[PDB]
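Read the single chain below, which is given as structure tokens and is the form deposited in one PDB entry.
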């Protein structure tokens, strides 16, 4: 029962940037971790491969996971259109946290943030379920393509993704 590792290979206007890998805390948040894991492998028939990071705010976060509408209005979980907040055990302690985006209580879908700063105001409202394990430098390099209002100056995509172990 070791925690799963997934990877994203990132591209910038189609040109390879690098690989980010993520530990998912399936010991502490198993339902939320499993959703992200299975969206990363595509094993249910849908998932993250080919989808974009639509909102990047330097000094705050990168946001992705909307594989249906590419702009923050879509996505879905492996459990249905939304699922519940599992728990709030883990906190937003610094850069490199993986945490679920939502639109109110019990509205988790497929969208997520990768933090690039400590974001403690999110504690108890957004479920933390993983952390960057390798390639934080590649998250930093993404962040450069963001802007204050979140629009990206180039298209930042998940060119490939899957499970490493």
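Numbering follows the first chain given and starts at 1.
> Can you tell me whether 64-72 has a higher mean C-alpha B factor than 38-46 in this record, or the other way round?
According to the PDB entry, the answer is 38-46.
> For the C-alpha atoms alone, is the average B factor greater in 25-33 or in 49-57, going by the entry?
In the deposited entry, the stretch with the higher C-alpha B-factor mean is 25-33.
> In terms of CA temperature factor as recorded, identify the highest of 132, 138, 117, 127.
Across 132, 138, 117, 127, the entry lists the biggest C-alpha B-factor for 117.
> Using the B-factors in the PDB entry, rank residue 161's C-alpha atom against the chain and give the third, lowest, middle or highest.
Bottom third by C-alpha B-factor.
> Consider only the C-alpha atoms of the modelled residues in this chain, order them by B-factor as the entry records it, and name the third containing residue 12: lowest, middle or highest.
It falls in the top third of the chain.
> Sorting the chain's CA B-factors, does residue 85 end up in the lowest, middle or highest third?
Within its chain, residue 85 is a lowest-third residue by C-alpha B-factor, going by the deposited values.
> How does the C-alpha B factor of residue 148 compare with the rest of the chain: lowest, middle or highest third?
Middle third by C-alpha B-factor.
Not on display, but discussed next: the form deposited with a small molecule bound.
> Can you work out whether residue 109 and the small molecule are in contact in the deposited complex, taking contact to mean some heavy atom pair no more than 4.5 Å apart?
Yes, residue 109 lies within 4.5 Å of the small molecule in the deposited complex.
> Do residue 101 and the small molecule come within 4.5 Å of each other in the deposited complex, heavy atoms counted?
Yes, contact at 4.5 Å.
> Answer with yes or no whether residue 63 is in contact with the small molecule in the deposited complex, where contact means some heavy atom within 4.5 Å.
Output for residue 63 is yes: heavy atoms within 4.5 Å of the small molecule.
> So, residue 113 and the small molecule: in the deposited complex, are they within 4.5 Å at any heavy atom pair?
Although the small molecule is absent here, residue 113 would touch it in the deposited complex, with heavy atoms inside 4.5 Å.
> Within 4.5 Å of the small molecule in the deposited complex: all of 12, 41 and 155, by heavy atom?
No: no residue has a heavy atom within 4.5 Å of the partner.
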